Amino acid sequence: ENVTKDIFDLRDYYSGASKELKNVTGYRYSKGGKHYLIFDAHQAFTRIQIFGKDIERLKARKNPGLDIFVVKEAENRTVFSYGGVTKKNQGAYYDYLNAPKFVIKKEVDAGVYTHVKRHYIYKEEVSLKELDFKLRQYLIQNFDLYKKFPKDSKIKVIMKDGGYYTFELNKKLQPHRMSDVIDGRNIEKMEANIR
Ligand SMILES: CC(=O)N[C@@H]1[C@@H](O[C@@H]2O[C@@H](C)[C@@H](O)[C@@H](O)[C@@H]2O)[C@H](O[C@@H]2O[C@H](CO)[C@H](O)[C@H](O[C@]3(C(=O)O)C[C@H](O)[C@@H](NC(C)=O)[C@H]([C@H](O)[C@H](O)CO)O3)[C@H]2O)[C@@H](CO)O[C@H]1O
Ligand SMILES: [Cl-]
């Protein structure tokens, strides 16, 4: 299929680099009525822009023990990443916390091809920013996501109580959702329906 540049950009975004910061200390900083987390003379890390809902869980200024999922976003002024902040595990685990199956269904030649796989969850608090990125990346590399027009392609994260989270794959995840945090242990199963 003969896809437009916004699909290319989505493909480039989601197979770009990402970086997991763990148990890091971040410092609160506002400049021009926007809210950021910064680090240390010594940690030449990407600036994290944060949101209203992040503030409600952060402290006046210094903030140890954070886990950040960083994705470089492209230039303003300087380079930023949106959201992806969570608290470190409190529990101690042998390996992972949860392994819900990720059932991948791909429309094809008058058929559907299904692949089941496990997705290994390490964090008590996992942001939607991270499940969106890693999942779509996986699907780009292993299932040809964004080679054809995605149309209604969706990822669904389904919880134990039945509550779910949907990632419409024809658009980038809206900024304000990158700070939504769900409980890693209560993820029941995961679904993708794609072309
Ligand atoms: C113009 C625009 O983009 N508006 C945004 C909303 O999206 C629009 O409305 C939805 C219903 C769809 O029609 C979109 O195509 C349309 O653009 C946006 O609403 C949210 O959209 C997402 C998908 O983009 C999804 O449908 C959200 O609903 C759920 C979900 O399926 O993920 C419904 C779940 O019950 C709820 N889960 C709970 C409560 O456990 C979740 C959950 O709150 C979120 O997943 C947390 O991120 O949402 C639907 O809300 C809206 C909200 O982000 O923003 C508008 O800008
Ligand atoms: Cl099994």
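Numbers and lists here come from the model and the stated rules, or from a named source; nothing here is a laboratory result. We place every Cβ from the backbone using ideal geometry, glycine too, and count neighbours over all the protein chains shown.
Conditions (1) polar (S, T, N, Q); (2) more than 16 Å from ligand 1 (Cβ to nearest atom); (3) under 13 Å from the mean Cα position of the chain (by Cα); (4) closer than 30 Å to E1 by Cβ, marked per residue:
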site: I55; (1), (2), (3), (4): no, yes, no, no
site: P100; (1), (2), (3), (4): no, no, no, no
site: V126; (1), (2), (3), (4): no, no, yes, no
site: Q141; (1), (2), (3), (4): yes, yes, no, yes
Going through (1) in the same structural domain as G26 (by CATH); (2) over 13 Å from the mean Cα position of the chain (by Cα); (3) of a type in the set (G, A, S) one by one, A192 fails only at (1)
Quick check: is even one residue across region 111-119 over 30 Å from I38 (Cα atoms), in the same structural domain as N193 (by CATH) and either crowded, with 17+ Cβ neighbours inside 10 Å or touching a helix residue (DSSP H, G or I) at 6+ places or on another chain (Cβ under 6 Å) (or both)?
yes
Index of the failed condition, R61 passing every other in (1) surrounded by 13 or more Cβ atoms within 10 Å (Cβ to Cβ); (2) over 23 Å from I140 (Cα atoms); (3) outside the structural domain of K117 (by CATH)
(1)
Filter region 153-166 down to residues that are assigned to a strand (DSSP E or B) and crowded, with 19+ Cβ neighbours inside 10 Å and give me whichever is farthest from ligand 2 (Cβ to nearest atom).
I155
Taking the stated definitions as given, is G184 more than 16 Å from ligand 2 (Cβ to nearest atom), surrounded by 12 or more Cβ atoms within 10 Å (Cβ to Cβ) and not assigned by CATH to the domain that holds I7?
no
Within region 181-195, track down each residue that is over 21 Å from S153 (Cα atoms) and not in a strand (DSSP E or B).
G184, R185, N186
